[PDB]
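Structure, as structure tokens:
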Amino acid sequence: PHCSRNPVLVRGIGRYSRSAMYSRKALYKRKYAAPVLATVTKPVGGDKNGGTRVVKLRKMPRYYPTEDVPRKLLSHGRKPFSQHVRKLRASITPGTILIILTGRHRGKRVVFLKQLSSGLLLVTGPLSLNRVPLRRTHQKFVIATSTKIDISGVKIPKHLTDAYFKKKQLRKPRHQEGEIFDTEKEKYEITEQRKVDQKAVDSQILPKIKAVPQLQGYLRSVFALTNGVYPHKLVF
Amino acid sequence: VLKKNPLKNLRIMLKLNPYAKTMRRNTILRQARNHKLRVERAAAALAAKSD
Amino acid sequence: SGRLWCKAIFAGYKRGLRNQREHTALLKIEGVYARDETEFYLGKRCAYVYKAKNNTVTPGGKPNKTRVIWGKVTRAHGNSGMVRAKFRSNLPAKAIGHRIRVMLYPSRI
Amino acid sequence: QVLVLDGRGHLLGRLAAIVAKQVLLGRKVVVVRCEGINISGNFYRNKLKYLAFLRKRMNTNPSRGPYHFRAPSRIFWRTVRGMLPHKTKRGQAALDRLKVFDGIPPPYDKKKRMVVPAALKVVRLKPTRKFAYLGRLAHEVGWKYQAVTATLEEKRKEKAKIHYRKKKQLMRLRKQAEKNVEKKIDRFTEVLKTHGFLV
Amino acid sequence: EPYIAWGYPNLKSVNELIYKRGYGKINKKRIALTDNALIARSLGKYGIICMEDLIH
RNA sequence: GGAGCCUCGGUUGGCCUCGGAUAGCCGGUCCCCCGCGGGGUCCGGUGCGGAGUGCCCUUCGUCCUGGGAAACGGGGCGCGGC
RNA sequence: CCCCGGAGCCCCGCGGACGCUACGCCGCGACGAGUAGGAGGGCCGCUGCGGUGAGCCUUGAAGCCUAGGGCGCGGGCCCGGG
RNA sequence: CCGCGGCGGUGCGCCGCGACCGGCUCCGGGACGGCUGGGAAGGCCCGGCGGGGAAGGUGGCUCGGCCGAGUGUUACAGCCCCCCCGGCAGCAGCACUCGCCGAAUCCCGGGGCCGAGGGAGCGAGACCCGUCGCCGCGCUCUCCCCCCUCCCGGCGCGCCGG
Ligand SMILES: [Mg+2]
């Protein structure tokens, strides 16, 4: 149950030596003096007449495809998306103000909350101010304006995550022929647990943003480029 | 085999040359010691300017 | 509720005197006129918004007549704020002197 | 979306190269007061240059051959046409974009006009050198309307003097209004100078 | 002289030219030096069995 | 007041002094001349131009009610006149 | 101190392809201009003949046209409609 | 049929993102060697010595209000400059960026572009797979200790025990 003995000096490079790690791990004093045809393998079964049947769990298949592809070469370095490292830009801190650029909420200024467990930024503009729900965004699609409120004394709910922000439509077993199968019903509900979570989060955000003067006006405003204003010229 | 650059790939550099581990352990540890000593010299210089 | 893109000019293609490499476009972004200040736009998603006769689809709306040719700003071009782009489809070469849109959301700053 | 350039004091080819490039970059440019264009080198040099240009003409049919435009606006159009790729469709579109005027017309006399210091005589020529006005050059080659343009420019200089007098009156009203209001915009004026205005 | 540029290189120059551009002639083939076993098989009878021996 | 075809460019505007480059911009004009204005003398403020195109002007979320600073302003492609 | 009708293994000296038209398949390294000319491969094309396809065809052969689908670097070829 | 439970080719089209590799092109930093064992420079100046442009002077003239400015005349040092007798941390070819060669006397981090194409299980009761060489590291077969402690347990926001 012991943790890492040497510190991460450079990523991929040990810190002390071979010999100092030898002396710390103590391979000294751990010099250890340590030098079918008849029976069935795995049946699970039983029968009344004829004795007990010898069944075959995970039996042979009934059709083999006439052509098939071979195996691969194990690809040597690949990790799935749930096992990646999660990056953060230096301007995105918990408590900053973001300019959202690509969605239907385009040009809006949002109090940032936290980085989720999927690389997606948690986003909560005040619904009374900017009409923004609990919404995920991405780091590449967002200009991070350097205006940082004090936010560390809040209580975000732990149950909201990437599994909580997930769409649930497009089910299989319908009749699939006619004037049916998801062309109708025209709607999607609000799921009022989302409303209760939005109230419990913006009721903690709002007295910490109405203390700064004109900050609620800056959040109710929308960002837009105009004549004579260029992003390599203005600083944010 | 794809030729990976030994000047950019540390474990390829170690496969070709195992002494590069100590060659990069030094000039990190020694340069960190020298940076600490220069920060200490700057702190002593600021103490001499204050005195 | 306003503009979210920067004004630019499709000034021409990557070319010599008598050659032409149509797979690389030259883009003059308005406002920047130097090699030092065009480091902001390196990698920005850019497009040529046009329209035609037949109605085509639109993501997030009804079908309309507008069309785009998307791309990506590759690197700068020679000391005066001119920059290069490589689109996923080549430009018609009728867009000489017309607007393109360099967006703001490969944002790294 | 339209540049209005003044031809006063600007050099001929120095202005024409910038105009040709900015019109090929897809921008409407209106160059105006083109008889105020001055050309470096003195008057006898520039006059014999244009007289040699007049001598270059087609022997068999001069009406078919080179068209020798005498007006200064069309001389500027010619020296931009010699820089534009006018044998192509984009060059003909650039010639359609460019609008050149002698004097300054009532569609453009009440517009703020621009000055190019990269093509201007005080910036580019040494003050000990010589030059020649394109208006005098055109009038002594054969352009007819220097005096009519002079009287029309005198009329509009009187009108612009009246307008600038009214602008000075509005500006003294603006300054005395700021003097009256600077007690009640005390925290409106300060929040501009803490961010970089009015200082 | 007029077709070449020749000089006296440095230790780090030899290091870049052998690690980054390490191409050996094994059975008259331009094979990359991705392992010390290639040099140890080709020049094992000459005392040069690794990249460091070759650079030295 | 209405859909419906074709062709496209666009993505706030700037509604204006002349003028010199070894100079120029702005005031009252106590002083003078000319037809309220212009011009001349003296004086005063800046001049890498803040009476700045390195500039100026418009906000680009909405509506509910209930206070403070400021304001009699805006509108009905407002009706008639100069 | 035992056999692999099975030690269960990055290697199975026990028979040993999915990979083998061996005139085939596969793995590295270098190179790729061309007239006159020389050589090689054409499952490129025409005509007739000896074999061969239990070949095609009036429920539509050859030929011809094609704003159709394609393949081959190419010579050309296979379909869809009349 | 409910299972996206595991494997394989994948999607009708338009796309986006993440991490990793190869080739590049740039940026921000950190510290090192040589020199004429760098040159002048930054700070306190000390007891002497010589020379030269010409200054809170002297002084012919000019311009103004006892005072200020310009010019010239001998020229000391109280305007300065250079050289010799002799010495103190104060330097890092230095973000007081005044000009070099550079790198086992050298390394870290970041941004932008292009591309991924190769496929060592076709076994009947036994896994439809890992990985080969290199740098490591974590656990276990050795035992203790300190702190933060979060899923959890106890006590009065704090403390105690993977
Ligand atoms: Mg449109």
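In this analysis, Cβ positions are derived from the backbone assuming ideal geometry, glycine residues included, and neighbour counts consider all displayed protein chains. No lab work stands behind these numbers, since they all come straight from the coordinates.
Structural remarks
- Residue list for segment E:18-31, filter: out of contact with any strand residue (DSSP E or B) (no Cβ under 6 Å at 6 or more places or on another chain), surrounded by 12 or more Cβ atoms within 10 Å (Cβ to Cβ) and over 11 Å from B:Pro6 (Cα atoms): E:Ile26
- When C:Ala47, C:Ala76 are screened for being within 16 Å of the ligand (Cβ to nearest atom), surrounded by 12 or more Cβ atoms within 10 Å (Cβ to Cβ), within 14 Å of another protein chain (Cβ to nearest Cβ) and hydrophobic (A, V, I, L, M, F, W, C), only C:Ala47 passes.
- Criterion (in contact with a helix residue (DSSP H, G or I) (Cβ under 8 Å, 6 or more places away or on another chain), assigned to a helix (DSSP H, G or I) and of a type outside the set (A, V, I, L, M, F, W, C)) met by exactly one of D:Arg78, D:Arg90: D:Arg90
- Count - residues of segment C:50-73 that are basic (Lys, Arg), within 16 Å of the ligand (Cβ to nearest atom) and surrounded by 10 or more Cβ atoms within 10 Å (Cβ to Cβ): 3
- Filtering segment C:89-104 for residues that are within 14 Å of chain D (Cβ to nearest Cβ), outside any loop (DSSP other than H, G, I, E, B) and aliphatic (A, V, I, L, M) leaves a non-empty set.
- From the options A:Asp162, A:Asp150, residue that is acidic (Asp, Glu), under 22 Å from the mean Cα position of the chain (by Cα), surrounded by fewer than 14 Cβ atoms within 10 Å (Cβ to Cβ) and part of a loop (DSSP other than H, G, I, E, B): A:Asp162
- Subset of chain B [under 18 Å from the mean Cα position of the chain (by Cα), of a type in the set (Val, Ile, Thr) and within 8 Å of RNA strand H (Cβ to nearest atom)]: B:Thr27, B:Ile28, B:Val39
- Qualifying residue in segment D:172-187 (condition: surrounded by 10 or more Cβ atoms within 10 Å (Cβ to Cβ), charged (D, E, K, R), in contact with a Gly (Cβ under 6 Å, 6 or more places away or on another chain) and in a helix (DSSP H, G or I)): no
- Put simply, of D:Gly135, D:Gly103 the only residue that is touching an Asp or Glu at 6+ places or on another chain (Cβ under 9 Å) and assigned to a helix (DSSP H, G or I) is D:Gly135.
- Among (1) touching a strand residue (DSSP E or B) at 6+ places or on another chain (Cβ under 6 Å); (2) within 14 Å of chain C (Cβ to nearest Cβ) - the single one D:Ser40 does not satisfy: (2)
- Within segment C:9-66, being among the aromatic types (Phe, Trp, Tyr), part of a loop (DSSP other than H, G, I, E, B) and within 14 Å of RNA strand F (Cβ to nearest atom) holds for C:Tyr33, C:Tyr48.
Results for (1) within 16 Å of RNA strand H (Cβ to nearest atom); (2) within 12 Å of another protein chain (Cβ to nearest Cβ); (3) surrounded by fewer than 11 Cβ atoms within 10 Å (Cβ to Cβ); (4) not in a helix (DSSP H, G or I), shown as yes or no for each residue.
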| residue | (1), (2), (3), (4) |
| --- | --- |
| E:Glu1 | no, no, yes, yes |
| E:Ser13 | yes, no, no, no |
| E:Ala37 | yes, yes, no, no |
| E:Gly47 | yes, no, yes, yes |
| E:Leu54 | yes, yes, no, no |
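- Hits in segment A:68-93 (condition: of a type in the set (D, E, K, R), away from every other protein chain (no Cβ under 14 Å) and more than 6 Å from RNA strand H (Cβ to nearest atom)): A:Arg78, A:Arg86
- Restricting the first member to segment C:54-73 and to residues that are over 20 Å from C:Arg101 (Cα atoms), and the second to residues that are away from the ligand (no atom under 15 Å from the Cβ) and outside any strand (DSSP E or B), the beta-carbon pairs closer than 6 Å and six or more apart or on different chains are C:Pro63/C:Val57.
- When the residues of segment C:9-44 are filtered to those that are within 10 Å of chain A (Cβ to nearest Cβ) and at positive phi, the one that is surrounded by the fewest Cβ atoms within 10 Å (Cβ to Cβ) is C:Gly43.
- Single match in A:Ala38, A:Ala20, A:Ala33 (criterion: of a type in the set (A, V, I, L, M, F, W, C), more than 6 Å from RNA strand H (Cβ to nearest atom) and either touching a helix residue (DSSP H, G or I) at 6+ places or on another chain (Cβ under 8 Å) or within 14 Å of chain B (Cβ to nearest Cβ) (or both)): A:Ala20
- Matching entry among C:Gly12, C:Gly31, C:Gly16, C:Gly71 (being away from RNA strand G (no atom under 16 Å from the Cβ) and touching a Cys at 6+ places or on another chain (Cβ under 6 Å)): C:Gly71
- Residue, nearest to RNA strand F (Cβ to nearest atom), within segment B:14-31, restricted to residues that are more than 14 Å from chain E (Cβ to nearest Cβ) and part of a helix (DSSP H, G or I): B:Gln31
- Comparison of A:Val44, A:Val54, A:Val8 shows that the only residue that is out of contact with any strand residue (DSSP E or B) (no Cβ under 8 Å at 6 or more places or on another chain), closer than 30 Å to A:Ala144 by Cβ, away from chain C (no Cβ under 14 Å) and not basic (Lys, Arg) is A:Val8.
- Within segment E:15-34, considering residues that are in a loop (DSSP other than H, G, I, E, B) and either small (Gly, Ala, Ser) or within 11 Å of another protein chain (Cβ to nearest Cβ) (or both), the one farthest from RNA strand H (Cβ to nearest atom): E:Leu33
- Given (1) in a helix (DSSP H, G or I); (2) in contact with a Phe, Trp or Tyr (Cβ under 6 Å, 6 or more places away or on another chain), number of the condition B:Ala48 does not satisfy: (2)
- Condition broken by A:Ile97, with the remaining ones in (1) within 30 Å of A:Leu206 (Cα to Cα); (2) hydrophobic (A, V, I, L, M, F, W, C); (3) touching a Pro at 6+ places or on another chain (Cβ under 7 Å) satisfied: (3)
Let's see how each residue does on (1) touching a strand residue (DSSP E or B) at 6+ places or on another chain (Cβ under 6 Å); (2) within 12 Å of chain E (Cβ to nearest Cβ); (3) outside any helix (DSSP H, G or I):
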| position | (1), (2), (3) |
| --- | --- |
| B:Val1 | no, yes, yes |
| B:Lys4 | no, yes, yes |
| B:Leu7 | no, yes, yes |
| B:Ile12 | no, yes, no |
| B:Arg33 | no, no, no |
| B:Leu37 | no, no, no |
| B:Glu40 | no, no, no |
| B:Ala43 | no, no, no |
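So that you can scan it fast, the table gives a plain yes or no per residue for (1) more than 14 Å from chain C (Cβ to nearest Cβ); (2) in a helix (DSSP H, G or I); (3) over 29 Å from the mean Cα position of the chain (by Cα); (4) closer than 30 Å to C:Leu104 by Cβ:
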site	(1), (2), (3), (4)
A:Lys155	yes, no, no, no
A:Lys166	yes, no, no, yes
A:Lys172	yes, no, no, no
A:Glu177	yes, no, yes, no
A:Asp197	yes, yes, no, no
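- Sub-9 Å Cβ pairs linking a first residue in segment D:65-83 that is closer than 17 Å to D:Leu137 by Cα to a second residue that is part of a helix (DSSP H, G or I) and hydroxyl-bearing (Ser, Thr, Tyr), at least 6 apart or interchain, are D:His68/D:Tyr50; D:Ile75/D:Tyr50, ordered by first then second residue.
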